[PDB]
Novice: 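Structure incoming, see below.
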Amino acid sequence: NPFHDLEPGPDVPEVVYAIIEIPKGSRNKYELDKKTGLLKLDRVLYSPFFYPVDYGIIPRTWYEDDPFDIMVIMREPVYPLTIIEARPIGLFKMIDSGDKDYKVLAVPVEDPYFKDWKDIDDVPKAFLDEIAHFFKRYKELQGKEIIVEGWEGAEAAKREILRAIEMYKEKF
């Protein structure tokens with residue numbers, strides 16, 4: 001499994017690895033299976049929405065009983081199971097069915113388009129809104145309730161990554 005076999009990053013928490021599961025623009029929700037290391041179709045979203053970001057996980061992280069999720073803003077979406085060196089710039093805070101389900105927002109290190117993106121204030125506000133709204137509504141036809149706490153900055157993101165990396169060490 002890229003989850004188990006890779007280190008969290010080449011320079012955590014400044015640069016992490018993101019293992020991409022879902023390319024920006026997919027209505028199919030793919031997940032990396034931790035045991036087999038293969039891509040699985042978790043579900044087809046019940047509504048005609050698409051993932052607004054390249055969506056994945058950081059290797060060797062464990063969060064709150066799952067890998068820590070990362071959203072990577074890519075101009076051209078990558079293929080599932082691509083590794084991206086990503087810079088954390090933000091932290092999305094939502095709770096899904098009582099459980100905290102925070103997500104890191106990151107930019108690709110090797111796309112110079114995002115070179116001056118270093119914190120949440122560098123992101124177009126309507127983009128942060130479109131992400132929050134996606135997670136607020138995407139499971140509404142499945143009867144789930146997601147509460148969205150909002151966003152925090154890069155420093156918070158990076159704390160939470162270091163925290164999830166040690167939680168992985170405790171569990172494995």
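Position 1 is the first residue of the sequence, and the numbers go up from there. Quick note: numbers below take in every heavy atom, side chains included, and nothing from hydrogens, waters or symmetry partners.
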Novice: How about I165 and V12: do any of their side-chain heavy atoms sit closer than 4.5 Å?
Specialist: yes
Novice: So do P52 and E130 actually touch side chain to side chain, heavy atoms under 4.5 Å?
Specialist: yes
Novice: Assess whether salt bridge (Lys or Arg N to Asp or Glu O under 4.0 Å) is satisfied between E14 and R87, documenting all intermediate values.
Specialist: CA-CA 6 Å; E14 304 308 292; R87 165 177 63 259; over 6 Å; no
Novice: Which value, rounded to the nearest 0.5 Å, describes the distance between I19 atom CD1 and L39 atom CG?
Specialist: 11.5 Å
Novice: Is it true that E152 and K93 make a salt bridge, defined as a side-chain N closer than 4.0 Å to a carboxylate O?
Specialist: yes
Novice: Give the cluster check for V107 versus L128: same hydrophobic cluster or not, with ILVMFWY residues linked at side-chain heavy-atom distances below 4.5 Å.
Specialist: yes
Novice: Can you name the nearest heavy-atom pair linking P77 to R75, along with the distance?
Specialist: CD-O, 3.8 Å
Novice: Could you tell me whether the side chain of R137 reaches within less than 4.5 Å of the side chain of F49, counting heavy atoms only?
Specialist: yes
Novice: Are any of the side-chain heavy atoms of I161 and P8 separated by less than 4.5 Å?
Specialist: no
Novice: Measure the shortest side-chain to side-chain distance between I89 and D122 over non-hydrogen atoms and say whether it is less than 4.5 angstrom.
Specialist: no
Novice: Answer whether the closest heavy-atom distance between the side chains of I70 and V16 falls below 4.5 Å.
Specialist: yes
Novice: Determine whether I57 and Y79 fall in the same hydrophobic cluster, where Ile, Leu, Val, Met, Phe, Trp and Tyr are linked whenever their side-chain heavy atoms lie under 4.5 Å apart.
Specialist: no
Novice: Could you grab the distance from atom CG of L45 to atom NZ of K139, nearest 0.5 Å is fine?
Specialist: 8.5 Å
Novice: Take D69 and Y55 through the side-chain hydrogen bond (donor to acceptor under 3.5 Å, both in side chains) test and state the conclusion after the steps.
Specialist: CA-CA 7 Å; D69 294 332; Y55 186 83; 3.3 Å; yes
Novice: Going through the distances and angles, do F92 and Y102 end up as a side chain to side chain contact (heavy atoms under 4.5 Å, CB included)?
Specialist: CA-CA 6 Å; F92 181 54; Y102 293 7; over 6 Å; no
Novice: First locate atom CG of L32, then atom CG of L81, and finally report the distance between them rounded to the nearest 0.5 Å.
Specialist: 6.0 Å
Novice: Might you point out which heavy atoms bring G37 and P2 nearest each other, and give the distance in Å?
Specialist: O-CD, 4.3 Å
Novice: Side chain to side chain contact (heavy atoms under 4.5 Å, CB included) for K29 and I22? Distances and angles first, verdict last.
Specialist: CA-CA 6 Å; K29 180 177 184 271; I22 311 171; 3.9 Å; yes
Novice: Taking the six-membered ring for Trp and the full ring for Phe, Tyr or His, determine whether the centres of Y168 and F68 are under 6.0 Å apart.
Specialist: no
Novice: What distance do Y138 atom OH and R27 atom CZ have between them, rounded to the nearest 0.5 Å?
Specialist: 14.0 Å
Novice: Looking only at non-hydrogen atoms, find the nearest pair between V44 and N28 and report the distance.
Specialist: CG2-OD1, 3.5 Å
Novice: Are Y30 and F3 connected into the same hydrophobic cluster when the rule is that any two of I, L, V, M, F, W, Y join if their side-chain heavy atoms are below 4.5 Å apart?
Specialist: yes
Novice: Does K169 pair with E166 as a salt bridge, N-O distance under 4.0 Å?
Specialist: no
Novice: Can you name the residues that form a side-chain contact (heavy atoms from CB on, under 4.5 Å) with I83, not counting sequence neighbours?
Specialist: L6, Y17
Novice: Less than 4.5 Å apart, side chain to side chain, heavy atoms only: is that true for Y51 and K24?
Specialist: no
Novice: Given side chains that start at C-beta, do those of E85 and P108 come closer than 4.5 Å, heavy atoms only?
Specialist: no
Novice: Taking the six-membered ring of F135, is NZ or CZ of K103 closer than 6.0 Å to its centre and within 45° of its axis?
Specialist: yes
Novice: After noting the C-alpha distance and the side-chain angles of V104 and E160, does the key distance pass the side chain to side chain contact (heavy atoms under 4.5 Å, CB included) rule?
Specialist: CA-CA 9 Å; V104 171; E160 290 303 329; 5.7 Å; no
Novice: Quick check: is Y113 connected to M71 through a chain of hydrophobic side chains (ILVMFWY, heavy atoms under 4.5 Å apart)?
Specialist: yes
Novice: Among residues at least two apart in sequence or on other chains, which ones pass side-chain contact (heavy atoms from CB on, under 4.5 Å) with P124?
Specialist: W117, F127
Novice: Less than 4.0 angstrom from a charged side-chain N to a carboxylate O is my criterion; do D33 and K40 meet it?
Specialist: no
Novice: State yes or no: do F134 and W151 share one hydrophobic cluster built from I, L, V, M, F, W and Y residues joined by side-chain heavy-atom distances below 4.5 Å, directly or via other members?
Specialist: yes
Novice: Distance from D119 atom CG to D121 atom CG, nearest 0.5 Å?
Specialist: 5.5 Å
Novice: What distance do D111 atom CG and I84 atom CD1 have between them, rounded to the nearest 0.5 Å?
Specialist: 10.0 Å
Novice: Closest heavy-atom contact between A154 and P88?
Specialist: CB-O, 3.8 Å
